[PDB]
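One chain comes next, on its own, written as structure tokens: the form deposited in one PDB entry.
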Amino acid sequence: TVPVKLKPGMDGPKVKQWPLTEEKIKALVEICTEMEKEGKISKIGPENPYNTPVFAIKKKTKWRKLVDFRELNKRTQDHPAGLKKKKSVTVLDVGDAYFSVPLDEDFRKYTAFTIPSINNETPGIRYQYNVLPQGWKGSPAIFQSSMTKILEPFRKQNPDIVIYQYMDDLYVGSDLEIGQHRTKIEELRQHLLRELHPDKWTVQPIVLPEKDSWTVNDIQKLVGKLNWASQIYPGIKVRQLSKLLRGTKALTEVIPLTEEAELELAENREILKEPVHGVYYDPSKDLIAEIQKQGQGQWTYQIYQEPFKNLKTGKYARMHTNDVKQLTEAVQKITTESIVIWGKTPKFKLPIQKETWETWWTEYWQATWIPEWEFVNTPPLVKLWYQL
């Protein structure tokens, strides 16, 4: 094995386990019985002071155990540009390959987790890992050499195919037709015994209303929106539009746009088409992803690292709906895009109450990773700024 240490001056995770439903607990009990009978995990006691929450997800009657290693990954010692330009990209779960490499003995105490019981019939049953656990930052790092030795022949025989690895997944991108793309994916699945479309992702720009008649209210709202947007695009000018609002007028009074204000509005429409200047991706800083609920199944999002220096802006437009489910789906979509583009997941500012999210988010999760997030009492102003 290889020795793995924590970051200097940091202890292991001590995160309490959250309530699980009966089906998840049963799936976890079966999976852990198999893993224990195969030597992957071992029962432990309370003299280990560490813990990491665990749950399960059902994709497409086969359950998958998912361990929330966010804290442990955060406390553990420390990219193809063409992947985002491929016609088709398939995601493949390769986590099982980690169960063949043993884990450093002194590190195993940090991977502890606790299976709960319905109605607290029984105290929590605690395990620790004996092998590279799925969802841990160290697993792809320590397995990298074996993975490269595995994937060398398939890359040689297919130089135009882009295979990139994030924690538990291989992203395989090709430019050829669907049907042959699935054939190459099946060939790679054969080789591993030793559906996205990134070129269609679009940016959602800021757009100004088009009217034949403008009230004092319309112009005040437009001026506020442009004053906000000028923090991102310094070319935005507001003087001539604000001229039309001198005095103390009624909100429903109709204001005719002068030639100066019309030209200024056209210039501002043109300026909002150019890309933001001076936005450089910092690998040492975190990706911040903000989401706004626009209503009627619409969601806007921005990915940035510094204020007003957006790396990306986009939307997720669903159509008796469920806000929490749509929000988790939007989070997973944004995270997939961020992984494909920059090879890293963003920290989310979620417009939802903490308890609602933590109560219902695991019922709609389908990915093998979990991003960091925090909860926001969002302002309606920024919600109006990115409206469509």
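Between two forms, the rigid core is defined as the largest C-alpha subset superposing within 1.5 Å. Numbers follow the displayed sequence, beginning with 1.
The following text describes the form deposited in another entry, which does not appear among the structures shown.
In a rigid core superposition between this form and the one not shown, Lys221 is the single residue of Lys156, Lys149, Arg189, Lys221 whose Cα is displaced by 2 Å or more. Comparing the forms between this form and the one not shown on their rigid core, the Cα displacement of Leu6 stays under 2 Å.
For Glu259, the Cα coordinates differ by 2 angstroms or more between this form and the one not shown after the core has been superposed. Once the cores line up, the CA of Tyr233 ends up 2 angstroms or more apart between this form and the one not shown. In contrast to the form presented, in the other form the C-alpha positions of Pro380 and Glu358 draw closer by 3 Å or more. Here's the thing about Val382 and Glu358: their CA atoms end up at least 3 Å closer in the other form than they are in this form.
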